[PDB]
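# Overview (structure and organization)
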Amino acid sequence: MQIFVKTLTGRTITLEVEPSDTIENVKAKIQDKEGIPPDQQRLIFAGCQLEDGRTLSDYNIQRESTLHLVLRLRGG
Amino acid sequence: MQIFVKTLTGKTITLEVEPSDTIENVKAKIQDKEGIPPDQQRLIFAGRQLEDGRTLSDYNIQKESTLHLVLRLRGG
Amino acid sequence: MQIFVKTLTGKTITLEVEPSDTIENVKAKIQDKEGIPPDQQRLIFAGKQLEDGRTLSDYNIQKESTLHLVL
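Calculation criteria
- Residues numbered from 1 in each chain as written, not as in the entry; some residues may be left out.
- Chains lettered and ligands numbered in written order.
- Heavy atoms only, no water.
- Helix = DSSP H or I, 4+ residues; strand = E, 2+ residues; numbered from the N terminus.
- Rg over C-alpha atoms; globule rule 2.2 N^0.38 Å.
- Buried < 20%, exposed > 50% of the residue type's maximum accessible area, 1.4 Å probe, protein only.
- Expected span 1.5 Å × (residues − 1).
- Arc of directions from axis to C-beta.
- Contact = heavy atoms within 4.5 Å.
- Buried area = accessible area lost by both parts, 1.4 Å probe.
- Salt bridge = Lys/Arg side-chain N within 4 Å of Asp/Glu carboxyl O.
- Polar contact = N/O pair within 3.5 Å; in protein donor to acceptor, adjacent residues only side chain to side chain.
- Nonpolar A, V, L, I, M, F, W, Y, C, P; charged D, E, K, R; others polar.
- Pairing = 2+ DSSP bridges.

- Method-wise, the PDB entry is recorded as coming from X-ray crystallography, at a reported resolution of 2.2000 Å.

### Thoughts on the overall build of chain C
- On a plain count of helices and strands, chain C comes out with one helix and five strands.
- If you list the helices and strands of chain C from N to C, you get β-β-α-β-β-β.
- Taken over C-alpha atoms, the radius of gyration comes to 11 Å for chain C, in line with the 11 Å a tight globule of 71 residues would show.
- Overall size of chain C, expressed as C-alpha extent along the three principal axes, is 25 × 20 × 20 Å.
- Relative to its full complement of 71 residues, chain C shows a buried share of 44%.

### Let's talk about helix α1 (residues 23-34) of chain A
Residues and elements named next belong to chain A.
- Given a rise of 1.5 Å per residue, twelve residues ought to cover 16 Å, and the 16 Å separating the end C-alpha atoms of α1 matches this to within 8%.
- Looking only at α1, the buried set comprises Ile 23, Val 26, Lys 27 and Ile 30. Projection of α1 onto a plane perpendicular to its axis shows the buried side chains occupying an angular sector of 100 degrees, all on one side.
- Contact partners of the buried residues in α1: β1 (2-7), β2 (12-16), β3 (41-45) and β5 (66-71).
- Phi turns positive, to about 80 degrees, at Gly 35, one or two residues after α1.

### Points about unusual backbone geometry
- Unusually for a residue other than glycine, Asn 60 of chain A sits at a positive phi of about 50 degrees.
- For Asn 60 of chain A, a relative accessible area of 56% puts it in the exposed group.
- If you check the backbone angles, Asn 60 of chain C has positive phi at about 60 degrees while not being a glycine.

### Description of the interface of chain A and chain C
- Tallying the contact residues gives 16 residues for chain A and 16 residues for chain C.
- Among the residues chain A hides against chain C, the three largest losses belong to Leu 71, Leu 73 and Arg 74 of chain A. Together they make up 46% of the total.
- Along the contact surface separating chain A from chain C lie zero salt bridges.
- Connecting chain A to chain C are six residue pairs in polar contact.
- Its residues assigned to classes, the side of chain A that touches chain C shows seven nonpolar, six polar and three charged.

### Some words on the pairing of strand β1 (residues 2-7) of chain C
Residues and elements named next belong to chain C.
- Of the two faces of β1, the one holding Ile 3, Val 5 and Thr 7 is buried and the one holding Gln 2, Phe 4 and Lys 6 is not buried anywhere.
- Of the strand pairs in this sheet, β1 and strand β2 (residues 12-16) are connected by five bridges, and their pairing is antiparallel. Opposite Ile 3, over in β2, you have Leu 15 as the bridge partner.
- Taking the residues that link successive antiparallel strands as the turn, the β1-β2 hairpin has four residues.
- By the bridge criterion, four bridges tie β1 to strand β5 (residues 66-70) in an arrangement that is parallel. Counterpart to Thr 7 in the pairing with β5 is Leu 69.

### With respect to the environment of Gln 41 of chain C
All names here are of chain C.
- One can find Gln 41 in the loop between α1 (23-33) and β3 (42-45).
- Exposure remark for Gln 41: the relative accessible area of 6% places this residue in the buried category.
- Along the sequence, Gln 41 and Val 70 sit 29 residues apart, while their C-alpha atoms lie 6.3 Å from each other.
- In this structure, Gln 41 is in contact with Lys 27, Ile 30, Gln 31, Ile 36, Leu 69 and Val 70, ignoring residues within four places of it in sequence.
- Among the polar contacts listed, one links the side chain of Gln 41 to the backbone oxygen of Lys 27, at a separation of 3.1 Å.

### Considerations on the environment of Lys 27 of chain C
Residue and element names in this part refer to chain C.
- Mapped onto the fold, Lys 27 is located in helix α1.
- Between the C-alpha atom of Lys 27 and that of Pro 38, which follows or precedes it by eleven residues, the distance is 5.3 Å.
- Every residue in contact with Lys 27, bar those within four places of it in the chain, is listed here: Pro 38, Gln 41, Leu 43 and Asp 52.

### So, the interface of chain C and chain B
- With seven residues of chain C at the contact, the number on the chain B side is eight residues.
- Summed over both sides, the interface between chain C and chain B buries roughly 650 Å², with carbon and sulfur atoms accounting for 59% of that surface.
- Area buried by chain C at its contact with chain B is led by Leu 8, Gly 47 and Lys 48 of chain C, which between them contribute 63% of it.
- Inspection of the region where chain C meets chain B yields zero salt bridges.
- The interface formed by chain C and chain B contains one residue pair in polar contact.
- Residues that form the side of chain C that touches chain B fall into these classes: two nonpolar, four polar and one charged.

See below:
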């Protein structure tokens with residue numbers, strides 16, 4: 001399935017995923033296409049921060065859902 | 001009365017307000033709830049930016065209306 | 001000279017800089033206090049996106065100014 005990932009400045013990217021993909025897996029796809037390492041990524045859906053060990057289906061993320069990608073700091 | 005505000009990352013917050021509340025007062029209330037600084041907040045209702053000196057009632061903002069926070073950007 | 005770098009999430013970084021420092025210097029300093037490479041950084045002062053090749057003086061960024069950092 002196709003999901004959208006939006007940054008704060010409106011840039012949107014489109015990824016192909018499956019509902020059983022884990023968040024860490026999605027973060028690795030984001031790295032591969034945009035060069036941002038996973039540790040600098042914080043993903044959010046509907047105000048909810050997404051945890052690395054879970055899957056997209058654990059947060060009811062579906063066809064054409066929109067995630068938010070924001071910066072994560074070490075001290076964070 | 002209650003209104004709703006969508007944050008930049010898709011979180012929905014509820015405010016307690018009155019129709020005579022100014023936009024500024026709403027921005028402050030948002031800060032108290034979510035810690036977002038007023039300089040950072042740009043508010044939208046029905047596609048129009050809310051000017052800081054006006055009231056909710058001026059924009060026909062009724063109970064259970066939803067406003068959207070968007071990123072305040074200006075090319076230069 | 002201390003500035004504040006804020007993310008739109010809710011974190012604040014304090015940096016020590018001088019008004020002659022270039023935007024690229026400042027991004028290098030951010031790349032150190034945290035490991036965010038410069039090409040993945042967008043700095044905003046009071047609405048204006050900051051570009052390479054300027055200095056903090058050029059934008060009139062004084063001590064205790066607040067920048068915003070976004071992806």
